[PDB]
Amino acid sequence: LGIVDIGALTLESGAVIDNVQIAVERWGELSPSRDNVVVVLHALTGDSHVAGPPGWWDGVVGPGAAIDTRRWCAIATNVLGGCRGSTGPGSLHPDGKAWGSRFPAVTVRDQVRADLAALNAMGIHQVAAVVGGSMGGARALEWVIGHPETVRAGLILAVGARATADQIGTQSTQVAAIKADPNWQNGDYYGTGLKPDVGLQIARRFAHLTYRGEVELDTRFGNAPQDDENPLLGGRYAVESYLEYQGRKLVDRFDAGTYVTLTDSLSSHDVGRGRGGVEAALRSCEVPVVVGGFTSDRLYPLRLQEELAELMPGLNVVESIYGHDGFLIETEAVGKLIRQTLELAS
Amino acid sequence: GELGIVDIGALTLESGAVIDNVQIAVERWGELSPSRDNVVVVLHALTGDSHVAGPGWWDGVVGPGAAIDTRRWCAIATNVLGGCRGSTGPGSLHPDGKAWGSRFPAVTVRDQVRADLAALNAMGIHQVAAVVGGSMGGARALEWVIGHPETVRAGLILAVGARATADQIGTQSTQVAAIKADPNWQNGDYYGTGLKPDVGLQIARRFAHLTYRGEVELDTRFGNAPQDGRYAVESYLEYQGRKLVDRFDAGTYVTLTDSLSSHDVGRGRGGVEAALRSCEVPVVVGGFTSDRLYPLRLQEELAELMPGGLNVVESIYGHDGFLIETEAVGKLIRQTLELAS
Ligand SMILES: [Ca+2]
Ligand SMILES: [Ca+2]
Ligand SMILES: [Ca+2]
Ligand SMILES: [Ca+2]
Ligand code: NA
Ligand code: NA
Numbered sequence: 017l018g019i020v021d022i023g024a025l026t027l028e029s030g031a032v033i034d035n036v037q038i039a040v041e042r043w044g045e046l047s048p049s050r051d052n053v054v055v056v057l058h059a060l061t062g063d064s065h066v067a068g069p077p078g079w080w081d082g083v084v085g086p087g088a089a090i091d092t093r094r095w096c097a098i099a100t101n102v103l104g105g106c107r108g109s110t111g112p113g114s115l116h117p118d119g120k121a122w123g124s125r126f127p128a129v130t131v132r133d134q135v136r137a138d139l140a141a142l143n144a145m146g147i148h149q150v151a152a153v154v155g156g157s158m159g160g161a162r163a164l165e166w167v168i169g170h171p172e173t174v175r176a177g178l179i180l181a182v183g184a185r186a187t188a189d190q191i192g193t194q195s196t197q198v199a200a201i202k203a204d205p206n207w208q209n210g211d212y213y214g215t216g217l218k219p220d221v222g223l224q225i226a227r228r229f230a231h232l233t234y235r236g237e238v239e240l241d242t243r244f245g246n247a248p249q250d251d252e253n254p255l256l257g258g259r260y261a262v263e264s265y266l267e268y269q270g271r272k273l274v275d276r277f278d279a280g281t282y283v284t285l286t287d288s289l290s291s292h293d294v295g296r297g298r299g300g301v302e303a304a305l306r307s308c309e310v311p312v313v314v315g316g317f318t319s320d321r322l323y324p325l326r327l328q329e330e331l332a333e334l335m336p340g341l342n343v344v345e346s347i348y349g350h351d352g353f354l355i356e357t358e359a360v361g362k363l364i365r366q367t368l369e370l371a372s
Numbered sequence: 015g016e017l018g019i020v021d022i023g024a025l026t027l028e029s030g031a032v033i034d035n036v037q038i039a040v041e042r043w044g045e046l047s048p049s050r051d052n053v054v055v056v057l058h059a060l061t062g063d064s065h066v067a068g077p078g079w080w081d082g083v084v085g086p087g088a089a090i091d092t093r094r095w096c097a098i099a100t101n102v103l104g105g106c107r108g109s110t111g112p113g114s115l116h117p118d119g120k121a122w123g124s125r126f127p128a129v130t131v132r133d134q135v136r137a138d139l140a141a142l143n144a145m146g147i148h149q150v151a152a153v154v155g156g157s158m159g160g161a162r163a164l165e166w167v168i169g170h171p172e173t174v175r176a177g178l179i180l181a182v183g184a185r186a187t188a189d190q191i192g193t194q195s196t197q198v199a200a201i202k203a204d205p206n207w208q209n210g211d212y213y214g215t216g217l218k219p220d221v222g223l224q225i226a227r228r229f230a231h232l233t234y235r236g237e238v239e240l241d242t243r244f245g246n247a248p249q250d258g259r260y261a262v263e264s265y266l267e268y269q270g271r272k273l274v275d276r277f278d279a280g281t282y283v284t285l286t287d288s289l290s291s292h293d294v295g296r297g298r299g300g301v302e303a304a305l306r307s308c309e310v311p312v313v314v315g316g317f318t319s320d321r322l323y324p325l326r327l328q329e330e331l332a333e334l335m336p337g340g341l342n343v344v345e346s347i348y349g350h351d352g353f354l355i356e357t358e359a360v361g362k363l364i365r366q367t368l369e370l371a372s
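Taken in sequence, the protein lines are chains B and A.
When the letters of the first sequence are read in order and numbered with the entry's author numbering, they come out as residues 17 to 69, 77 to 336, 340 to 372.
When the letters of the second sequence are read in order and numbered with the entry's author numbering, they come out as residues 15 to 68, 77 to 250, 258 to 337, 340 to 372.
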């Protein structure tokens, strides 16, 4: 885990963040010409820990993996706004306190420019490929549309061209649940000894449902009770105790302020903004791209990836029971799409 | 057009708990026939009540000339056991003078059916022509036809499944958790304290409303547009939450959401397949193509397993299609009433 200083960054809004730092992790050696970089773009609650025994995409990064680190140099940042090394709301403001409520709104476009600045500070100027799903797919899409000169190919998984009403609906309500927590303290809870654990748990429980496949959830849990508990006497259902576990697991590893900042960056995703709309922006693409979507995805439904593949100058439909999380679980299917993307960059 | 309160006395619930003096609120439209053979029971959904027709929550299908033509039929609607608009529920007074609150027992759909039947029986009604309902009302209709077939001549079951699913229990239990996390919940004993869990109930309803709508139509209506700083869809959801808080009780929301989570027509009957195959009542089953909460596969299962084809309603409105698609629902009601005649 290294930290790259990129200095002051001017955001799309005109706001400036002083002294931005971007955390970077690398697997594989950089080639003499620096022509073998594959940028792996993490999703909402991910980070730079892509691979290693555990890395959120370990199945696709390593020796002999889809991103074969004997040949490619896999680089992952922690996104701008994150909480695992990069500048975010918990980072220190110039006044010595956490940014907190003063942290500006960040867009996916800002996040791409911060990643590119980190690469440039490392002496890397063109990457072979960008790859990502979900928020990482939004980052990959904005990279190929906004900075095609810097990337030879892209894999865009499980995302749409802009945020949808249903996505903004659940995202805004997840944020509202966090802000309703008595410990949110307007986002300035850092250093107080209190954190909005309850609101973040509620947000994550609803988010987890959006990530899963409806049928698979019912196959896994049905209406089964939690073992030895009777719901009519105050007991819980199996899916209910599982959701409680998911919410608590996130609270134990993730910052509420970062969740809000990054969720907001999902809600403002729109490749068409300032470019004449989604269709005009997608038609402008000059980077070879592979697009994949998952049949059971309820958060970024397949129609969104059909649109990407139709408007960008065929869609890879992955039959999967795992919903949106298919982009993390379907190692072999995703691996084939990665290998196809890397062939386009070679 | 007056709200009547029917005393049904003591009710022993499926859990074994007993409520000493249950009251069920009732509204009626249309004259009861001399033989009492023209009763159509309308079963409301989670946040509905007995006010079906004025407007009422299903006003388009009840009235003179409507799908339930009150010139011929006597439409009767109760407020469900656990409710907050006249029937016994957590905000009702316990024998000790305080609200039931945290002492209110768990209520199942089967309990709700038995309370409705007891209210009808107290009014001298012993067999109904039809039961009709969608969503929680469809669960009530299904348990009525399976558990008490001798009391009903036909049923319309809309936008529900044979048991609660994992996704339904997931969102239901998390909506309840959001209410219970509100500082004003006070263990459910907030009645009379001057404080209510308005924020938690708003959060629950915002998430629930998304489950009731169609993904595509939400994007058609709002996209990522701003409001007039909120996004348009965000302002819409905030409005939906405030609207519910203004008219509905959090404790009842919890009690009735729990009743949805415990829905299972197979319990104590050998499982869903055995229970549905036992149906002796002609039923019409309807589902809506864009429903994200009770997806169409659940109604396919109902139709496949019940002795009785599925009526598939092409609708953009999601689960709320059962409330919005007046013409398609009306056709299904009229089919049901022909089976009862
Ligand atoms: Ca690996
Ligand atoms: Ca419970
Ligand atoms: Ca009417
Ligand atoms: Ca906002
Ligand atoms: Na700089
Ligand atoms: Na009685």
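Just so you know, even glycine gets a beta-carbon here, dropped at the ideal spot from N, CA and C.
For residue i, tell me which candidate among the options has the shortest Cα-Cα distance.
i: B/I33; options: B/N52, B/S114, B/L341; result: B/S114
i: B/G159; options: B/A230, B/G87, B/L223, B/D63; result: B/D63
i: A/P48; options: A/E239, A/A59, A/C96; result: A/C96
i: A/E267; options: A/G297, A/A226, A/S291, A/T284; result: A/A226
i: B/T286; options: B/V66, B/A128, B/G119; result: B/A128
i: B/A24; options: B/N35, B/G18, B/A31, B/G316; result: B/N35
i: A/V56; options: A/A144, A/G156, A/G15, A/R93; result: A/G156
i: A/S290; options: B/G340, B/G257, B/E329, B/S290; result: B/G257
i: A/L363; options: A/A39, A/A89, A/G44, A/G82; result: A/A89
i: B/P205; options: A/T281, A/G44, A/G222; result: A/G222
i: A/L103; options: A/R132, A/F244, A/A332; result: A/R132
i: A/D211; options: A/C106, A/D320, A/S124, A/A181; result: A/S124
i: A/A99; options: A/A31, A/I168, A/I19, A/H170; result: A/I19
i: B/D189; options: A/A200, A/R228, A/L240, A/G183; result: A/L240
i: A/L60; options: A/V84, A/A121, A/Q134; result: A/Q134
i: A/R185; options: A/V150, A/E330, A/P248; result: A/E330
i: B/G111; options: B/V66, B/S288, B/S307; result: B/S288
i: A/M145; options: A/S372, A/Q37, A/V313; result: A/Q37
Use the C-beta contact count for residue i: other C-beta atoms within 10 angstroms, 16 or more gives buried, fewer gives exposed.
i: B/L305; result: buried
i: A/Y260; result: buried
i: B/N52; result: buried
i: B/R276; result: exposed
i: B/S29; result: exposed
i: A/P324; result: buried
i: A/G214; result: exposed
i: B/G352; result: buried
i: residue 373 of chain B; result: This structure leaves residue 373 of chain B out entirely; chain B is present only between 17 and 372.
i: A/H148; result: exposed
i: B/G315; result: buried
i: B/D138; result: buried
i: A/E333; result: exposed
i: B/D21; result: exposed
i: B/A39; result: buried
i: A/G85; result: buried
i: A/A121; result: buried
i: A/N209; result: exposed
Helix, strand or coil, according to DSSP, for residue i in the structure here?
i: A/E16; result: coil
i: B/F317; result: strand
i: A/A140; result: helix
i: A/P336; result: coil
i: B/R42; result: strand
i: residue 253 of chain A; result: As shown, the structure holds no coordinates for residue 253 of chain A; chain A passes over it, running from 250 to 258.
i: B/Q366; result: helix
i: B/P254; result: helix
i: residue 252 of chain A; result: Here chain A breaks off after 250 and picks up again at 258, leaving residue 252 of chain A without coordinates.
i: B/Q37; result: strand
i: B/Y348; result: coil
Start-end ranges of the alpha helix (DSSP H) lying completely within the region 213 to 242 of chain B, minimum 4 residues: Complete alpha helix (DSSP H) runs here, min 4: 220 to 234.
Complete alpha helix (DSSP H) runs within the region 159 to 222 of chain B (minimum length 4 residues, chain order): Runs of the alpha helix (DSSP H) inside the region 159 to 222 of chain B: 188 to 202.
Residues from the region 176 to 189 of chain B in contact with chain A, defined by Cβ distance under 9 Å: Listed by position along the chain: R185, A186, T187, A188, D189.
Determine which residues of the region 249 to 261 of chain B have a Cβ less than 9 Å from any Cβ of chain A, and write them out in chain order. If the cut-off is 9 Å between Cβ atoms, the region 249 to 261 of chain B has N253, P254, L255, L256, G257, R259, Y260, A261 near chain A.
Going along the chain, which residues of the region 116 to 140 of chain B sit with their C-beta nearer than 7 Å to a C-beta in chain A? Within the region 116 to 140 of chain B, no residue qualifies.
By the 7 Å beta-carbon criterion, what residues does the region 191 to 225 of chain B contribute toward chain A? Close to chain A, meaning a Cβ-Cβ distance shorter than 7 Å, are the following residues of the region 191 to 225 of chain B: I191, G192, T193, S195, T196, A199, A200, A203, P205, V221, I225.
Going along the chain, which residues of the region 19 to 31 of chain A sit with their C-beta nearer than 8 Å to a C-beta in chain B? Under the 8 Å Cβ criterion, the region 19 to 31 of chain A contributes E28, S29.
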